[PDB]
Amino acid sequence: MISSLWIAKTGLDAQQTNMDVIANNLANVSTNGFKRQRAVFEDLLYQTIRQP
Amino acid sequence: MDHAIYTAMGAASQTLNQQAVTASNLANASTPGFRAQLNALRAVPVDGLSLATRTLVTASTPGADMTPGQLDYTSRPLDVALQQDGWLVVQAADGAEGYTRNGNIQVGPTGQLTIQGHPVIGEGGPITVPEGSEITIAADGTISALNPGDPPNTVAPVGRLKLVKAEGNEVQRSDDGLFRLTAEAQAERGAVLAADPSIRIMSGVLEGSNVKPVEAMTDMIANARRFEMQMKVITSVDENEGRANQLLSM
Amino acid sequence: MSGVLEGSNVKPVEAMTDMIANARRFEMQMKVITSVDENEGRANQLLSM
Amino acid sequence: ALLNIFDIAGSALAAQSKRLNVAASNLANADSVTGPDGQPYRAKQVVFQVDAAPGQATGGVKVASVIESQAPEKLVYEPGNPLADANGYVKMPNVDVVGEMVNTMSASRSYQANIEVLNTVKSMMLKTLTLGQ
Amino acid sequence: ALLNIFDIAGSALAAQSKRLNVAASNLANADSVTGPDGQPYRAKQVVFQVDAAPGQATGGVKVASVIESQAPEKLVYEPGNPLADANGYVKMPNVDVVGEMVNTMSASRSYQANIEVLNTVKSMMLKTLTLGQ
Amino acid sequence: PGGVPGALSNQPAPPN
Amino acid sequence: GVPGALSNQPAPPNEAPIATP
Amino acid sequence: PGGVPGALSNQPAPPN
Amino acid sequence: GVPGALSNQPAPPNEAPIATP
Amino acid sequence: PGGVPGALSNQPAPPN
């Protein structure tokens, strides 16, 4: 948590979640009536340190 | 002490701030419709008597990058992508009007269009679609709704998405990620941006993030080297003071 | 669900990041300890004469 | 109290020790998630000012108060945390690690300088007593 | 007032400190894109002269002024940058990082040397004070 | 007459 | 005056503006 | 008499 | 109670409780 | 009176 080891950890976790979604989609290819998943990401609150 | 340590220390801390901005940009490398933040160091010279020898450094985020990102083809009639220099209009968190590029338009059970949970702003206030109806979005933003069960002859327009034109120098990213007009730009263009009839959207394609990887890599390498440099000085000053304190002896 | 077995939920990214932060936090504590130890010597020498 | 320069340098030593203690406390708790009241650890800072009440401009150093920083606390997204707010954000300390390290080193250096000052003043006062044998 | 070698070594210490501060400023803002008025950060240097007083080319160093390097500023390509000229080129500082590191090391060692000179002269004159025991 | 002696007074800040 | 000397008036206040008006 | 000490006076320069 | 002074009454015992109560 | 000096006392402990 130096504010740069947390921000990059968050990105790593997001990419891992996306990979989990992709692996779930690929594993369920042979199932009947399966609707594929799609991962959506949004950036959290940006912090303002000093006004323009 | 010698306040030269307070210059290199500032240079080392602002480098960590720049790294925190760059890492935040890298985390959002897959966010749909994301605008990367620009980071730049700026030098402020301390004014006063005697040789103007001290010039501190402070990071700076001069707006964002407006270069359009990748267009992923998702065969979904609700996901739209905007022409370059274009923006979709949504209702912000505090009932205000904000701008975005995320075209992941969703339909609620009640029939209201939303983007990231914010209501979508149509030619006349938020857009409400007939409940549980198929939606097609035209090139100029017109919305056609097909009621299931009824024949395809029933397709009729319902509302038009508000599409605005704004450059990078006019918009500022608010704290919730939604862009809003800057003060100077708002004073000249009015409070609410009028819809531009020339803007063209594409249905079935979703715009990705414009985070350039090569610039990010180079920025992290340069930041690490600069931090190590400032750290050398922080060590030089320490030893110099340690020794200079001896003159106070005898 | 029968016929499947649930494993552990240890996240490797979190553990690796935490270990790096721990190491690079200790080093700083060791620096502060060394600084205080170096400081105390003078102060002790102040008691002479 | 402590004669004159004795009082001045002792006040300086005490103030710099307090500053170094604050810096060490900030460095130790840079990753603290909570306190006893459930509030995040806010970075502490001392306030240095002169103490020359009896009609002087220079009198040494004293710490007026310890104040918590107003720099925005760092928000981390964690919805499972009991301390998370309505949006799922947890507040974390605004400690500047490089700043606190530089504060530690600078406090040590000026503390040492004041030690050298007091020792020299003692020496001079010791020789004074041998004025004219 | 400062007497002889004390004056010389004090002037040398002050000028070496100024040189190191200028080097640290150059090395910190080696990547700054703009100043407060939109002009680029041009690298600064110190100018050394011999105190001399009027008739004595035997004095300490004195920093006559801080000059700004007139070497052409580096040009990078960025047509989207507001500070770019009509050709799309943004000016960037002409700082030589290796030169700044070497200058910092040199100011450091010279500072230490003059401290040692000052200490030796102080001890010499303190022992001179007891001439004839 | 004085303030925070360190990081919080040696960093540039917007005016009041 | 020259640096390190003695003057009859205080030095002017020290301020570092982030952005000039 | 003197000039810039250190970097700017210890590199090969064109005559001028 | 100025720090570094002399007071008739003893200092109260300090406490560092980990939780709130 | 007094207790264990050093590490054991200057470490947070459960209330008892």
# chains A, B, ... in the order shown; residues from 1 in each chain; ligands from 1
>>> calpha_fit_rmsd(fixed="chain J", moving="chain H")
0.4 Å
>>> interface_residues(of="chain A", to="chain F", cutoff="10 Å", atoms="only C-alpha atoms", output="ChimeraX atom specification")
/A:49-52
>>> write_last_selection(atoms="N, CA, C and O atoms", output="compact mmCIF listing (two decimals), in the first residue's frame")
# COMPACT_ATOMS: atom_id res chain seq x y z
N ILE A 49 -5.59 15.95 -5.62
CA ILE A 49 -4.58 16.34 -4.59
C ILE A 49 -4.49 17.87 -4.54
O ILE A 49 -4.30 18.40 -3.43
N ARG A 50 -4.65 18.53 -5.68
CA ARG A 50 -4.58 19.99 -5.74
C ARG A 50 -5.35 20.47 -6.95
O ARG A 50 -5.20 19.94 -8.05
N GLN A 51 -6.19 21.49 -6.74
CA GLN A 51 -7.08 22.02 -7.76
C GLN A 51 -6.30 22.74 -8.85
O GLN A 51 -5.22 23.30 -8.60
N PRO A 52 -6.82 22.75 -10.08
CA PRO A 52 -6.16 23.50 -11.15
C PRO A 52 -6.21 25.00 -10.89
O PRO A 52 -7.12 25.51 -10.23
>>> calpha_fit_rmsd(fixed="chain D", moving="chain E")
0.6 Å
>>> calpha_fit_and_write(fixed="chain I", moving="chain G", output="short mmCIF file (atom, residue, chain, number, x, y, z; two decimals) with N, CA, C and O atoms, in the first residue's frame")
data_model
loop_
_atom_site.label_atom_id
_atom_site.label_comp_id
_atom_site.auth_asym_id
_atom_site.auth_seq_id
_atom_site.Cartn_x
_atom_site.Cartn_y
_atom_site.Cartn_z
N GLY G 1 0.72 21.80 33.49
CA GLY G 1 1.69 22.83 33.19
C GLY G 1 2.36 22.64 31.84
O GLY G 1 2.04 21.71 31.11
N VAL G 2 3.30 23.52 31.52
CA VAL G 2 4.05 23.44 30.27
C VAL G 2 5.00 22.24 30.36
O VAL G 2 5.42 21.87 31.46
N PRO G 3 5.32 21.60 29.24
CA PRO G 3 6.25 20.46 29.28
C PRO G 3 7.61 20.87 29.81
O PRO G 3 8.11 21.96 29.51
N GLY G 4 8.22 19.99 30.59
CA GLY G 4 9.52 20.23 31.17
C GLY G 4 9.52 21.05 32.44
O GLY G 4 10.59 21.26 33.02
N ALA G 5 8.36 21.50 32.91
CA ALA G 5 8.27 22.29 34.13
C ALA G 5 8.11 21.35 35.33
O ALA G 5 8.25 20.13 35.22
N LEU G 6 7.81 21.93 36.49
CA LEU G 6 7.61 21.17 37.72
C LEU G 6 6.17 21.33 38.17
O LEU G 6 5.63 22.44 38.17
N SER G 7 5.55 20.22 38.55
CA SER G 7 4.17 20.20 39.02
C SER G 7 4.11 19.67 40.44
O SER G 7 5.08 19.12 40.97
N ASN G 8 2.95 19.83 41.07
CA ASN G 8 2.73 19.40 42.44
C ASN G 8 2.08 18.03 42.54
O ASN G 8 1.97 17.49 43.64
N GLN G 9 1.65 17.45 41.42
CA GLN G 9 0.94 16.18 41.41
C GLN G 9 1.50 15.28 40.33
O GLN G 9 2.03 15.77 39.32
N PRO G 10 1.43 13.96 40.50
CA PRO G 10 1.96 13.05 39.49
C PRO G 10 1.16 13.10 38.20
O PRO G 10 -0.03 13.43 38.19
N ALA G 11 1.83 12.78 37.10
CA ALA G 11 1.15 12.63 35.83
C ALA G 11 0.21 11.42 35.88
O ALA G 11 0.44 10.49 36.65
N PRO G 12 -0.87 11.42 35.10
CA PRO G 12 -1.80 10.30 35.15
C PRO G 12 -1.17 9.06 34.54
O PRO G 12 -0.20 9.15 33.77
N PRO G 13 -1.68 7.87 34.87
CA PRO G 13 -1.10 6.64 34.30
C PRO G 13 -1.20 6.62 32.79
O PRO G 13 -2.16 7.13 32.20
N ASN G 14 -0.19 6.03 32.16
CA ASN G 14 -0.11 5.93 30.71
C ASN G 14 -0.62 4.56 30.28
O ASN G 14 -0.11 3.54 30.74
N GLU G 15 -1.62 4.55 29.40
CA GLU G 15 -2.18 3.30 28.89
C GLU G 15 -2.55 3.47 27.43
O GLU G 15 -3.05 4.52 27.02
N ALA G 16 -2.29 2.43 26.64
CA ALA G 16 -2.64 2.41 25.22
C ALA G 16 -3.61 1.27 24.96
O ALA G 16 -3.20 0.09 24.93
N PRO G 17 -4.90 1.55 24.78
CA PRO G 17 -5.85 0.47 24.51
C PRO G 17 -5.80 0.03 23.06
O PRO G 17 -5.77 0.85 22.14
N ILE G 18 -5.78 -1.29 22.86
CA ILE G 18 -5.80 -1.83 21.51
C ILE G 18 -7.15 -1.58 20.85
O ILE G 18 -7.23 -1.15 19.69
N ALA G 19 -8.24 -1.82 21.58
CA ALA G 19 -9.58 -1.54 21.09
C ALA G 19 -10.37 -0.86 22.20
O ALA G 19 -10.42 -1.35 23.33
N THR G 20 -11.00 0.27 21.87
CA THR G 20 -11.78 1.00 22.86
C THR G 20 -13.02 0.21 23.23
O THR G 20 -13.62 -0.46 22.38
N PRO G 21 -13.44 0.24 24.51
CA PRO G 21 -14.66 -0.42 24.96
C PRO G 21 -15.92 0.15 24.32
O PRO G 21 -15.87 1.29 23.84
#
>>> residues_around(residues="residue 25 in chain C", least_positions_apart="2", cutoff="10 Å", atoms="only C-alpha atoms", output="count of residues only")
14
>>> atom_distance(atom1="CA of residue 44 in chain B", atom2="CA of residue 34 in chain E")
9.3 Å
>>> interface_residues(of="chain C", to="chain D", cutoff="10 Å", atoms="only C-alpha atoms", output="NGL selection string")
:C and (21-22 or 25-26 or 28-29 or 31-33 or 35-36 or 38-49)
>>> write_last_selection(atoms="N, CA, C and O atoms", output="mmCIF file, in the first residue's frame")
data_model
loop_
_atom_site.group_PDB
_atom_site.id
_atom_site.type_symbol
_atom_site.label_atom_id
_atom_site.label_comp_id
_atom_site.auth_asym_id
_atom_site.auth_seq_id
_atom_site.Cartn_x
_atom_site.Cartn_y
_atom_site.Cartn_z
ATOM 1 N N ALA C 21 5.885 -5.920 0.112
ATOM 2 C CA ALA C 21 5.646 -4.778 0.986
ATOM 3 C C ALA C 21 6.242 -5.010 2.368
ATOM 4 O O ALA C 21 6.813 -4.096 2.975
ATOM 5 N N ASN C 22 6.117 -6.237 2.880
ATOM 6 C CA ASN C 22 6.669 -6.565 4.190
ATOM 7 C C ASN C 22 8.182 -6.392 4.213
ATOM 8 O O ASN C 22 8.738 -5.801 5.147
ATOM 9 N N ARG C 25 9.174 -2.839 4.011
ATOM 10 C CA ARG C 25 8.731 -2.060 5.197
ATOM 11 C C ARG C 25 9.724 -2.349 6.318
ATOM 12 O O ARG C 25 10.176 -1.401 6.958
ATOM 13 N N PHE C 26 10.056 -3.614 6.537
ATOM 14 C CA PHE C 26 11.107 -3.950 7.521
ATOM 15 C C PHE C 26 12.332 -3.082 7.232
ATOM 16 O O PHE C 26 12.714 -2.343 8.127
ATOM 17 N N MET C 28 12.960 -0.316 6.186
ATOM 18 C CA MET C 28 12.805 1.043 6.698
ATOM 19 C C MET C 28 12.840 1.071 8.223
ATOM 20 O O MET C 28 13.447 1.970 8.827
ATOM 21 N N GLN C 29 12.187 0.098 8.862
ATOM 22 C CA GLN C 29 12.252 0.028 10.320
ATOM 23 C C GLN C 29 13.685 -0.174 10.795
ATOM 24 O O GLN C 29 14.113 0.435 11.786
ATOM 25 N N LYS C 31 16.354 0.843 9.247
ATOM 26 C CA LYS C 31 17.043 2.120 9.068
ATOM 27 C C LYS C 31 16.761 3.068 10.228
ATOM 28 O O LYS C 31 17.677 3.728 10.736
ATOM 29 N N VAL C 32 15.502 3.143 10.667
ATOM 30 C CA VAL C 32 15.168 4.039 11.777
ATOM 31 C C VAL C 32 15.855 3.577 13.063
ATOM 32 O O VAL C 32 16.353 4.397 13.849
ATOM 33 N N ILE C 33 15.886 2.261 13.295
ATOM 34 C CA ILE C 33 16.568 1.735 14.477
ATOM 35 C C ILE C 33 18.041 2.130 14.461
ATOM 36 O O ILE C 33 18.590 2.584 15.475
ATOM 37 N N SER C 35 19.400 4.657 12.912
ATOM 38 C CA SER C 35 19.515 6.100 13.114
ATOM 39 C C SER C 35 19.425 6.466 14.590
ATOM 40 O O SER C 35 20.222 7.270 15.088
ATOM 41 N N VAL C 36 18.466 5.880 15.312
ATOM 42 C CA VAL C 36 18.320 6.191 16.736
ATOM 43 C C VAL C 36 19.537 5.708 17.518
ATOM 44 O O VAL C 36 20.030 6.400 18.423
ATOM 45 N N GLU C 38 22.606 5.383 16.430
ATOM 46 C CA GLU C 38 23.700 6.309 16.154
ATOM 47 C C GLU C 38 23.509 7.625 16.902
ATOM 48 O O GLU C 38 24.477 8.204 17.406
ATOM 49 N N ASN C 39 22.270 8.109 16.974
ATOM 50 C CA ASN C 39 21.988 9.351 17.687
ATOM 51 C C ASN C 39 22.316 9.258 19.167
ATOM 52 O O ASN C 39 22.843 10.220 19.737
ATOM 53 N N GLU C 40 22.009 8.126 19.805
ATOM 54 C CA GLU C 40 22.158 8.036 21.258
ATOM 55 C C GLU C 40 23.614 8.148 21.705
ATOM 56 O O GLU C 40 23.880 8.564 22.840
ATOM 57 N N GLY C 41 24.567 7.801 20.840
ATOM 58 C CA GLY C 41 25.964 7.802 21.251
ATOM 59 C C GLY C 41 26.486 9.185 21.605
ATOM 60 O O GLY C 41 27.168 9.364 22.620
ATOM 61 N N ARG C 42 26.169 10.132 20.730
ATOM 62 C CA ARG C 42 26.576 11.522 21.001
ATOM 63 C C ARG C 42 25.938 11.907 22.326
ATOM 64 O O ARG C 42 26.650 12.209 23.290
ATOM 65 N N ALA C 43 24.620 11.889 22.349
ATOM 66 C CA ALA C 43 23.919 12.289 23.556
ATOM 67 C C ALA C 43 24.582 11.707 24.799
ATOM 68 O O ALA C 43 24.768 12.431 25.781
ATOM 69 N N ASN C 44 24.981 10.437 24.757
ATOM 70 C CA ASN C 44 25.712 9.848 25.874
ATOM 71 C C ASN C 44 27.046 10.548 26.107
ATOM 72 O O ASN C 44 27.430 10.766 27.261
ATOM 73 N N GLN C 45 27.762 10.898 25.037
ATOM 74 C CA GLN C 45 29.038 11.591 25.207
ATOM 75 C C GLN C 45 28.849 12.978 25.811
ATOM 76 O O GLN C 45 29.801 13.546 26.356
ATOM 77 N N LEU C 46 27.642 13.539 25.708
ATOM 78 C CA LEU C 46 27.371 14.860 26.274
ATOM 79 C C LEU C 46 27.602 14.882 27.785
ATOM 80 O O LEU C 46 27.896 15.939 28.353
ATOM 81 N N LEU C 47 27.513 13.730 28.446
ATOM 82 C CA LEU C 47 27.603 13.651 29.900
ATOM 83 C C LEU C 47 29.024 13.775 30.438
ATOM 84 O O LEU C 47 29.212 13.721 31.656
ATOM 85 N N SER C 48 30.023 13.933 29.577
ATOM 86 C CA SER C 48 31.404 14.034 30.024
ATOM 87 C C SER C 48 31.706 15.438 30.537
ATOM 88 O O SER C 48 31.090 16.420 30.115
ATOM 89 N N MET C 49 32.667 15.515 31.459
ATOM 90 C CA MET C 49 33.093 16.776 32.068
ATOM 91 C C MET C 49 31.929 17.532 32.702
ATOM 92 O O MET C 49 32.106 18.255 33.683
#
>>> interface_residues(of="chain D", to="chain I", cutoff="12 Å", atoms="only C-alpha atoms", output="VMD selection string")
chain D and resid 1 to 2 7 10 to 11 14 to 15 34 to 39 62 to 65
>>> residues_around(residues="residue 37 in chain A", least_positions_apart="5", cutoff="8 Å", atoms="only C-alpha atoms", output="VMD selection string")
chain A and resid 21 to 22 25
>>> write_last_selection(atoms="N, CA and C atoms", output="PDB file, in the first residue's frame")
ATOM      1  N   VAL A  21     -13.242 -15.390 -16.076  1.00  0.00           N
ATOM      2  CA  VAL A  21     -14.431 -15.330 -16.922  1.00  0.00           C
ATOM      3  C   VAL A  21     -14.178 -16.014 -18.260  1.00  0.00           C
ATOM      4  N   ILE A  22     -13.019 -15.758 -18.867  1.00  0.00           N
ATOM      5  CA  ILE A  22     -12.686 -16.369 -20.151  1.00  0.00           C
ATOM      6  C   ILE A  22     -12.595 -17.884 -20.027  1.00  0.00           C
ATOM      7  N   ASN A  25     -16.021 -19.324 -19.810  1.00  0.00           N
ATOM      8  CA  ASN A  25     -16.655 -19.356 -21.125  1.00  0.00           C
ATOM      9  C   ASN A  25     -16.121 -20.508 -21.966  1.00  0.00           C
TER      10      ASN A  25
END
>>> interface_residues(of="chain D", to="chain F", cutoff="6 Å", atoms="only C-alpha atoms", output="MDAnalysis selection string")
chainID D and resid 46:47 49 99
>>> write_last_selection(atoms="N, CA, C and O atoms", output="mmCIF file, in the first residue's frame")
data_model
loop_
_atom_site.group_PDB
_atom_site.id
_atom_site.type_symbol
_atom_site.label_atom_id
_atom_site.label_comp_id
_atom_site.auth_asym_id
_atom_site.auth_seq_id
_atom_site.Cartn_x
_atom_site.Cartn_y
_atom_site.Cartn_z
ATOM 1 N N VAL D 46 4.438 17.560 13.823
ATOM 2 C CA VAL D 46 4.667 18.501 14.909
ATOM 3 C C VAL D 46 4.672 19.925 14.366
ATOM 4 O O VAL D 46 4.861 20.165 13.171
ATOM 5 N N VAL D 47 4.459 20.885 15.261
ATOM 6 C CA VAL D 47 4.467 22.301 14.918
ATOM 7 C C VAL D 47 5.583 22.969 15.708
ATOM 8 O O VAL D 47 5.517 23.048 16.940
ATOM 9 N N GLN D 49 7.875 26.202 16.806
ATOM 10 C CA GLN D 49 7.891 27.657 16.857
ATOM 11 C C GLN D 49 8.788 28.120 17.992
ATOM 12 O O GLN D 49 9.059 27.383 18.941
ATOM 13 N N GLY D 99 9.010 11.176 2.412
ATOM 14 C CA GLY D 99 9.016 12.329 3.294
ATOM 15 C C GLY D 99 9.388 11.972 4.719
ATOM 16 O O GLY D 99 10.175 12.671 5.356
#
>>> select_by_dssp(residues="chain E", states="strand (DSSP E)", output="number ranges by chain")
E: 44-50, 61-68, 74-77, 89-92
>>> write_last_selection(atoms="N, CA, C and O atoms", output="short mmCIF file (atom, residue, chain, number, x, y, z; two decimals), in the first residue's frame")
data_model
loop_
_atom_site.label_atom_id
_atom_site.label_comp_id
_atom_site.auth_asym_id
_atom_site.auth_seq_id
_atom_site.Cartn_x
_atom_site.Cartn_y
_atom_site.Cartn_z
N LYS E 44 20.31 25.16 -14.89
CA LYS E 44 21.01 26.24 -14.22
C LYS E 44 22.40 25.78 -13.79
O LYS E 44 22.62 24.60 -13.50
N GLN E 45 23.33 26.73 -13.77
CA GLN E 45 24.68 26.48 -13.29
C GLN E 45 25.12 27.65 -12.43
O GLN E 45 24.53 28.73 -12.47
N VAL E 46 26.16 27.43 -11.64
CA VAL E 46 26.72 28.46 -10.79
C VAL E 46 27.98 29.00 -11.46
O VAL E 46 28.61 28.34 -12.29
N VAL E 47 28.35 30.23 -11.10
CA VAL E 47 29.54 30.88 -11.62
C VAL E 47 30.45 31.19 -10.44
O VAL E 47 30.06 31.93 -9.52
N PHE E 48 31.66 30.64 -10.46
CA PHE E 48 32.60 30.77 -9.35
C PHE E 48 33.62 31.85 -9.66
O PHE E 48 34.12 31.94 -10.78
N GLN E 49 33.92 32.68 -8.66
CA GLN E 49 34.93 33.72 -8.77
C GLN E 49 35.74 33.75 -7.48
O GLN E 49 35.36 33.16 -6.47
N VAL E 50 36.87 34.44 -7.53
CA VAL E 50 37.78 34.50 -6.39
C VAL E 50 37.49 35.76 -5.58
O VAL E 50 37.36 36.86 -6.13
N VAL E 61 36.03 31.20 -2.60
CA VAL E 61 35.15 31.25 -3.76
C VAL E 61 33.88 32.02 -3.42
O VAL E 61 33.38 31.96 -2.29
N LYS E 62 33.34 32.66 -4.43
CA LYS E 62 32.06 33.38 -4.24
C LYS E 62 31.26 33.15 -5.50
O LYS E 62 31.89 33.16 -6.56
N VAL E 63 29.97 32.88 -5.40
CA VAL E 63 29.09 32.58 -6.52
C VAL E 63 28.58 33.90 -7.06
O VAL E 63 27.70 34.53 -6.46
N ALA E 64 29.14 34.34 -8.19
CA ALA E 64 28.78 35.64 -8.74
C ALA E 64 27.31 35.70 -9.11
O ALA E 64 26.61 36.67 -8.81
N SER E 65 26.81 34.65 -9.77
CA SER E 65 25.41 34.59 -10.18
C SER E 65 25.11 33.16 -10.61
O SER E 65 26.01 32.35 -10.79
N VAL E 66 23.82 32.88 -10.77
CA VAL E 66 23.35 31.61 -11.30
C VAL E 66 22.96 31.84 -12.75
O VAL E 66 21.99 32.56 -13.03
N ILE E 67 23.70 31.23 -13.66
CA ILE E 67 23.43 31.40 -15.08
C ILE E 67 22.51 30.28 -15.55
O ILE E 67 22.40 29.22 -14.93
N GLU E 68 21.84 30.53 -16.66
CA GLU E 68 20.94 29.58 -17.28
C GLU E 68 21.56 29.11 -18.58
O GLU E 68 21.95 29.93 -19.42
N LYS E 74 16.36 20.39 -25.75
CA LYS E 74 15.99 19.18 -26.51
C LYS E 74 14.60 19.36 -27.09
O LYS E 74 13.75 19.99 -26.43
N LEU E 75 14.37 18.81 -28.27
CA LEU E 75 13.06 18.87 -28.91
C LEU E 75 12.46 17.47 -29.00
O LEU E 75 13.11 16.53 -29.46
N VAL E 76 11.22 17.34 -28.54
CA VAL E 76 10.46 16.10 -28.67
C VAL E 76 9.24 16.39 -29.53
O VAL E 76 8.83 17.55 -29.68
N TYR E 77 8.67 15.35 -30.11
CA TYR E 77 7.53 15.51 -31.00
C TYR E 77 6.24 15.23 -30.24
O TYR E 77 6.04 14.13 -29.72
N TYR E 89 6.89 20.69 -32.02
CA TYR E 89 8.01 20.28 -31.18
C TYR E 89 7.91 20.94 -29.81
O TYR E 89 7.76 22.17 -29.71
N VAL E 90 8.02 20.13 -28.76
CA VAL E 90 8.00 20.60 -27.38
C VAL E 90 9.43 20.65 -26.87
O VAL E 90 10.21 19.72 -27.10
N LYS E 91 9.77 21.74 -26.19
CA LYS E 91 11.10 21.89 -25.62
C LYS E 91 11.18 21.17 -24.28
O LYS E 91 10.26 21.25 -23.46
N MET E 92 12.29 20.48 -24.06
CA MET E 92 12.60 19.68 -22.89
C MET E 92 13.99 20.03 -22.38
O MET E 92 14.86 20.44 -23.16
#
>>> interface_residues(of="chain B", to="chain G", cutoff="10 Å", atoms="only C-alpha atoms", output="PDB file with N, CA, C and O atoms, in the first residue's frame")
ATOM      1  N   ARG B  42       6.364  19.572 -13.336  1.00  0.00           N
ATOM      2  CA  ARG B  42       6.488  21.008 -13.534  1.00  0.00           C
ATOM      3  C   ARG B  42       7.419  21.572 -12.472  1.00  0.00           C
ATOM      4  O   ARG B  42       7.361  21.167 -11.304  1.00  0.00           O
ATOM      5  N   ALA B  43       8.279  22.496 -12.886  1.00  0.00           N
ATOM      6  CA  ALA B  43       9.261  23.098 -12.000  1.00  0.00           C
ATOM      7  C   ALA B  43       8.735  24.423 -11.470  1.00  0.00           C
ATOM      8  O   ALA B  43       8.296  25.278 -12.245  1.00  0.00           O
ATOM      9  N   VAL B  44       8.774  24.588 -10.156  1.00  0.00           N
ATOM     10  CA  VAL B  44       8.406  25.838  -9.500  1.00  0.00           C
ATOM     11  C   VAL B  44       9.655  26.407  -8.830  1.00  0.00           C
ATOM     12  O   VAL B  44      10.277  25.728  -8.000  1.00  0.00           O
ATOM     13  N   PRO B  45      10.102  27.600  -9.209  1.00  0.00           N
ATOM     14  CA  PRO B  45      11.289  28.176  -8.571  1.00  0.00           C
ATOM     15  C   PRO B  45      10.930  28.997  -7.345  1.00  0.00           C
ATOM     16  O   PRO B  45      10.043  29.854  -7.403  1.00  0.00           O
ATOM     17  N   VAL B  46      11.614  28.747  -6.235  1.00  0.00           N
ATOM     18  CA  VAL B  46      11.336  29.460  -4.994  1.00  0.00           C
ATOM     19  C   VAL B  46      11.895  30.870  -5.112  1.00  0.00           C
ATOM     20  O   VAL B  46      13.096  31.058  -5.326  1.00  0.00           O
ATOM     21  N   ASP B  47      11.021  31.865  -4.977  1.00  0.00           N
ATOM     22  CA  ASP B  47      11.409  33.261  -5.094  1.00  0.00           C
ATOM     23  C   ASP B  47      11.850  33.794  -3.738  1.00  0.00           C
ATOM     24  O   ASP B  47      11.239  33.478  -2.713  1.00  0.00           O
ATOM     25  N   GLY B  48      12.789  34.741  -3.792  1.00  0.00           N
ATOM     26  CA  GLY B  48      13.261  35.371  -2.551  1.00  0.00           C
ATOM     27  C   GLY B  48      14.600  36.054  -2.736  1.00  0.00           C
ATOM     28  O   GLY B  48      14.966  36.321  -3.890  1.00  0.00           O
ATOM     29  N   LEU B  49      15.295  36.335  -1.633  1.00  0.00           N
ATOM     30  CA  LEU B  49      16.631  36.969  -1.712  1.00  0.00           C
ATOM     31  C   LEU B  49      17.646  35.913  -2.127  1.00  0.00           C
ATOM     32  O   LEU B  49      17.459  34.727  -1.803  1.00  0.00           O
ATOM     33  N   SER B  50      18.630  36.379  -2.878  1.00  0.00           N
ATOM     34  CA  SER B  50      19.949  35.746  -3.029  1.00  0.00           C
ATOM     35  C   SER B  50      19.889  34.795  -4.210  1.00  0.00           C
ATOM     36  O   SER B  50      18.827  34.674  -4.826  1.00  0.00           O
ATOM     37  N   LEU B  51      20.991  34.124  -4.484  1.00  0.00           N
ATOM     38  CA  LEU B  51      21.029  33.302  -5.714  1.00  0.00           C
ATOM     39  C   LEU B  51      19.802  32.387  -5.815  1.00  0.00           C
ATOM     40  O   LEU B  51      19.654  31.499  -4.974  1.00  0.00           O
ATOM     41  N   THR B  55      14.863  25.168  -7.092  1.00  0.00           N
ATOM     42  CA  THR B  55      13.698  25.003  -7.950  1.00  0.00           C
ATOM     43  C   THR B  55      13.109  23.629  -7.680  1.00  0.00           C
ATOM     44  O   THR B  55      13.693  22.615  -8.076  1.00  0.00           O
ATOM     45  N   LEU B  56      11.965  23.599  -7.011  1.00  0.00           N
ATOM     46  CA  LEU B  56      11.312  22.350  -6.657  1.00  0.00           C
ATOM     47  C   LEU B  56      10.497  21.832  -7.838  1.00  0.00           C
ATOM     48  O   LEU B  56      10.288  22.522  -8.835  1.00  0.00           O
ATOM     49  N   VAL B  57      10.028  20.592  -7.716  1.00  0.00           N
ATOM     50  CA  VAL B  57       9.302  19.920  -8.784  1.00  0.00           C
ATOM     51  C   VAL B  57       8.022  19.325  -8.215  1.00  0.00           C
ATOM     52  O   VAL B  57       8.017  18.783  -7.106  1.00  0.00           O
ATOM     53  N   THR B  58       6.963  19.440  -8.994  1.00  0.00           N
ATOM     54  CA  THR B  58       5.653  19.005  -8.487  1.00  0.00           C
ATOM     55  C   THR B  58       4.917  18.361  -9.634  1.00  0.00           C
ATOM     56  O   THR B  58       4.912  18.948 -10.707  1.00  0.00           O
ATOM     57  N   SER B  60       1.888  16.840 -12.096  1.00  0.00           N
ATOM     58  CA  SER B  60       0.826  17.650 -12.710  1.00  0.00           C
ATOM     59  C   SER B  60       0.051  16.751 -13.651  1.00  0.00           C
ATOM     60  O   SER B  60       0.674  15.970 -14.366  1.00  0.00           O
TER      61      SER B  60
END
